[PDB]
């Protein structure tokens, strides 16, 4: 006799997926979202006359959960200009920007990545069972920098791969866990060309928010925004959920999908297991941010890495023409290197990378400062992947999901969807 069969906390991809799974079974379903918008660590917006994605953006058909959703809802891919590049740049830690022949640039990051992931087949034959091999557990004592130091890379190759890895860490690479990277590489078919294609090439037709809305419309669930959950109590065979204004909603089961780094906002009664408490105290690593810049010049199709002591770590073209100029998509590994909301600073750093351009505008999102993400994409520190099952475990009538808790594409939209399908299955089990 509860208010709802299931309450889903969080309206990103994990929560939207879980609510869709539950609603299609006929369960009375409520989704509670803290922000005044949906999408979570994805956010569709507009800038310089284009639709832009200020969080998670790119997907691929090798990513099984999100691709199946795109198949169900009839969403095509939209290709960003990553082939036939006009310029490929590396900006080293010492501030030098060097233009590299695009063919040579791609050959060298491929060599570095395949060397970094040389044992991916042996360590992760089953990337959706991350601790399947003893070697993966042994490697979880090492960081990505530990391995980079043994590869004998050239100066170009070392700068490229350390830029790539600092971005995926949202942190310096001495803190970044090694097995999680090998596992993503295995997910992308154990080969660099395939894996790179999955990461920044194709966007969703209609945007991330379009797929969120399709799922929630399908679900039939009641959806409420601007309602943060601040406490969850298991009592009377179900759960009592309290919001910041002390209203109480009861439910048979709760699906938690909030980002790991935000669990400090929520009091659990009884306390969560010690393993989960350890993960909550640690958090995940990433301190990233994202921004678009509109410049007056037509730079064509460009790509740049910047190493971890520099701010503009991953740059590529979103749009270009003589009439428009260029819109650049820029992802930042560590928000401490640049205040993406400080336009003067942004203009200085962009000109450092592209001397002589005039900045006509910017659009930025500081995911690390946002109270309802407190960080960016999921990134495991040393030793954390080994303990993933602690985060995944159900605790009585509370089910846990979110990209951090997925087995496969944990840094991606796909991993969020995966965790939501798992959550739907677990809700069905708990309501049987």
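Positions refer to the first chain, counted from 1.
Once the C-alpha B-factors are averaged per stretch, 291 to 299 and 312 to 320 rank with 291 to 299 first. Comparing 259 to 267 with 340 to 348, the stretch with the higher mean C-alpha B-factor in the PDB entry is 340 to 348. In this entry, the residue among 79, 307, 122, 199 with the greatest C-alpha B factor is 122. Highest CA B-factor among 406, 63, 57, 50, as stated in the entry: 50. Ranked by C-alpha B-factor against the other modelled residues of its chain, residue 69 falls in the lowest third. In the deposited entry, the Cα temperature factor of residue 397 sits in the bottom third of values across the chain's modelled residues.
Per-chain ranking of the deposited C-alpha B factor places residue 369 in the highest third. Per-chain ranking of the deposited C-alpha B factor places residue 331 in the lowest third. The entry lists a Cα temperature factor for residue 126 that places it in the lowest third of the chain's modelled residues.
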